[PDB]
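Okay, structure first, notes after.
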Ligand SMILES: Nc1ncnc2c1ncn2[C@@H]1O[C@H](COP(=O)(O)OP(=O)(O)OP(=O)(O)O)[C@@H](O)[C@H]1O
Ligand SMILES: Nc1ncnc2c1ncn2[C@@H]1O[C@H](COP(=O)(O)OP(=O)(O)OP(=O)(O)O)[C@@H](O)[C@H]1O
Ligand SMILES: O=C(O)CCCC[C@@H]1SC[C@@H]2NC(=O)N[C@@H]21
Ligand SMILES: O=C(O)CCCC[C@@H]1SC[C@@H]2NC(=O)N[C@@H]21
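Residue numbers (PDB author numbering), protein chains in the order written: chain B, 1 to 235; chain A, 1 to 235.
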């Protein structure tokens, strides 16, 4: 009865009033490509390293099942599809979101959404958490806070699914296109710090052809970062 | 994204742009109680005895998985939950739905909805087809046709799920209550013909404590009908 007109993403949608995690459910269940798993609230929502992702009622918490018949080298760009999709949807609602490489979307430097891509066999799970009308952690923001009024959650869902379907269908044919859309919507030319054993600071210049973040250290040395479990912050 | 606040029915919802039959999917798949299977259209929708059920886009085609812990003798009353639920939803939209015993809902004697219950052990599937904005076959009508304008399909879905959840919750506690609601919303006091192995005509007087249709033949003979595979016709 939703009447979705998308081609792949959204051919089927499984909704839960409550779930542990849409990403976990998508990883452990046999689901056809394009299936969207969405829930009003998650009790065990997570980001990387099992980090807790606050998922109270009011936000958009979903995962999408994908099985990209593209070269192995291209699979790492799926996270960008989610990020750009969110930016496009925010724009439709007159909100200017900017991508914090490589999985976050910020509005005036406050985090409004996060993306988490996981694998299980040859299935890829694209998870997206977007703050809409829900309470958010201090420092973060939501569509409601930016617009000053409650936003119709289903309208946001319809918009995002439509944008992701378009981005994904093009990705299957032209996998390099997503990189320029990311570059034009990403926070660059600013100083950042990458943590971990041997942490360092430098200017985030761009992303390369593999989606790696290019950082120029004060010494002039250029490092290429693969997100993985690294921590990035704007100083 | 839906924000359903029901207790059992609607805890989970699986939506399909297209499906063979929501009843078949529900019967076949491993699903939790309360799960609603809904599709924009069905390619192989059916009623009893594999009779074709036209399910074009615009209508509400859904099935609900139930595992009612009530006496075996009460299970035949589940069809009434579907019929009454539909009537209540129609009344909420100011449409005069009346029950044609025991599985159909009519508006001005034209079929607007049909209920089909299929069971097997600890699993009952309550199927409901309601014409909303879709084109319908002759002898039928739709909400749009009766109101003279299109009706928001999602609004009808929310209304029906809420009514069904309430009716089901009460059914688990008092399986007899549904019979009073059927009596107050069913077409009675008119001549009908029962078509099965042979046939007979008489006045549809009421339904008894088992939900059987009580018919008074002209001779004065009283027959108690169990729907099963018989058909009821108005004269
Ligand atoms: N609803 C939310 N809105 C915004 N940020 C959230 C929300 N829930 C949790 N967070 C924050 O987001 C992080 C989520 O996990 P994850 O590591 O995947 O995000 P990240 O941005 O890539 O990493 P980082 O912790 O360095 O910001 C948590 O550590 C938490 O600080
Ligand atoms: N969209 C629709 N709206 C109304 N009626 C329909 C629709 N699609 C099919 N039908 C009719 O409904 C019937 C459905 O099957 P079923 O036997 O279960 O219903 P019934 O009302 O109990 O039987 P009967 O048609 O003999 O009175 C079909 O035989 C067909 O005539
Ligand atoms: O902060 C990030 O960048 C990652 C957060 C990803 C959150 C979404 S909410 C839908 C899905 N289910 C989860 O448990 N995580 C992801
Ligand atoms: O006419 C009747 O009384 C029965 C029709 C039941 C139709 C619904 S549509 C949703 C579900 N899926 C099916 O194939 N049949 C039922």
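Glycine included, every Cβ here is placed at the ideal spot set by N, Cα and C.
Given that residue 157 (chain A) touches chain B, what residues does it touch there, using C-beta distances under 8 Å?
1
Strictly below 9 Å CB to CB, what residues from chain A border residue 4 (chain B)?
15, 17 and 40
According to the Cβ coordinates, are residue 9 (chain A) and residue 34 (chain A) closer than 8 Å?
Going by C-beta atoms, residue 9 (chain A) is nearer than 8 Å to residue 34 (chain A).
Coil, strand or helix - residue 128 (chain B) by DSSP:
strand
Against residue 12 (chain A), what residues of chain B qualify as contacts under a CB-to-CB distance less than 8 Å, listed in chain order?
14, 15, 16 and 17
Is there at least one Cβ from chain A nearer than 8 Å to residue 153 (chain B)'s Cβ?
yes
For the alpha helix (DSSP H) containing residue 218 (chain A), name the first residue and the last one.
It is not in any alpha helix (DSSP H) - residue 218 (chain A) carries neither H nor E in the DSSP assignment.
What does residue 126 (chain B) touch in chain A if you count any residue whose Cβ is under 9 Å from its own?
In chain order: nothing, as chain A lies at least about 16 Å away.
Are the CB atoms of residue 85 (chain B) and residue 246 (chain B) within a distance shorter than 8 Å?
Look at the range of chain B in this structure, 1 to 235, and you will see that residue 246 (chain B) is not part of it.
Kindly say whether residue 130 (chain A), judged by its beta-carbon, lies nearer than 8 Å to any beta-carbon of chain B.
no
Strictly by DSSP, which residues pair up with residue 231 (chain A)?
A:195
Quick one: what's got a C-beta closer than 6 Å to residue 233 (chain A)'s C-beta in the same chain, skipping five residues either side?
193
When you compare the CB positions of residue 115 (chain A) and residue 103 (chain A), do they come within less than 8 Å of one another, or not?
yes
Rounded to whole angstroms, what is the Cα-Cα separation between residue 182 (chain B) and residue 25 (chain B)?
When rounded, the distance between both Cα atoms is 28 Å.
Assign residue 100 (chain A) to buried or exposed, taking buried as 16 or more other Cβ atoms, counted over all protein chains shown, within 10 Å of its Cβ.
buried
Residue 95 (chain A) and residue 172 (chain A) look like a contact to me (Cβ under 8 Å); what is the Cβ gap, rounded to whole Å?
Actually they do not touch by this definition, with Cβ atoms about 28 Å apart.
Residue 91 (chain A) versus residue 209 (chain A) - alpha carbon distance:
26 Å
Does residue 165 (chain A) pass the burial test, meaning 16 or more other C-beta atoms within 10 Å, or should it be called exposed?
buried
CA-to-CA distance, residue 185 (chain A) to residue 170 (chain B), given in whole angstroms:
53 Å
What distance in whole Å lies between the Cβ atoms of residue 117 (chain A) and residue 132 (chain A), which are believed to be in contact at a cut-off of 8 Å?
Not confirmed; about 21 Å, so no contact.
Delimiting residues of the beta strand (DSSP E) encompassing residue 98 (chain B)
98-100
Using a 10 Å radius around the Cβ and a threshold of 16 neighbouring Cβ atoms, would you call residue 226 (chain A) buried or exposed?
Counting C-beta atoms within 10 angstroms of its own C-beta, residue 226 (chain A) has fewer than 16 neighbours from the protein chains shown and is therefore classed as exposed.
With a threshold of 7 Å, establish whether the CB of residue 63 (chain A) neighbours any heavy atom of ligand 4.
yes
Any heavy atom of ligand 3 closer than 7 Å to the CB of residue 128 (chain B)?
Distances taken from the Cβ of residue 128 (chain B) to the heavy atoms of ligand 3 include one shorter than 7 Å.
For residue 104 (chain A), write down the residues that DSSP places opposite it in a beta bridge.
A:100 and A:114
Which residue's Cα is closest to the Cα of residue 75 (chain B): B:111, B:126 and B:107?
Considering only alpha carbons, the answer is B:126.
How would you list, in chain order, the residues of chain A whose beta-carbon sits under 9 Å from the beta-carbon of residue 60 (chain B)?
Chain A residues near residue 60 (chain B): 1.
For a test of your reading of the model: does the CB of residue 209 (chain B) fall under 7 Å from any non-hydrogen atom of ligand 2? Yes or no.
no
Which residues mark the beginning and the end of the beta strand (DSSP E) in which residue 19 (chain B) is found?
12-19
Can you tell me whether residue 45 (chain A) sits near ligand 4, meaning its C-beta is under 7 Å from at least one heavy atom of the ligand?
yes
Tell me whether residue 176 (chain B) is buried or exposed, calling it buried when 16 or more other Cβ atoms sit within 10 Å of its Cβ.
Flag for residue 176 (chain B) reads exposed.
If you draw a straight line from the alpha carbon of residue 120 (chain A) to that of residue 81 (chain B), how long is it in whole angstroms?
44 Å
Spatial distance of residue 55 (chain B) from residue 78 (chain A) (CA atoms)
Roughly 36 Å separates the two Cα atoms.
Can residue 140 (chain A) be considered in contact with ligand 2, in the sense that its beta carbon sits closer than 7 Å to one or more heavy atoms?
yes
Beta strand (DSSP E) containing residue 39 (chain A): first to last residue?
It spans 36-39 - the beta strand (DSSP E) in which residue 39 (chain A) sits, taken as one unbroken run.
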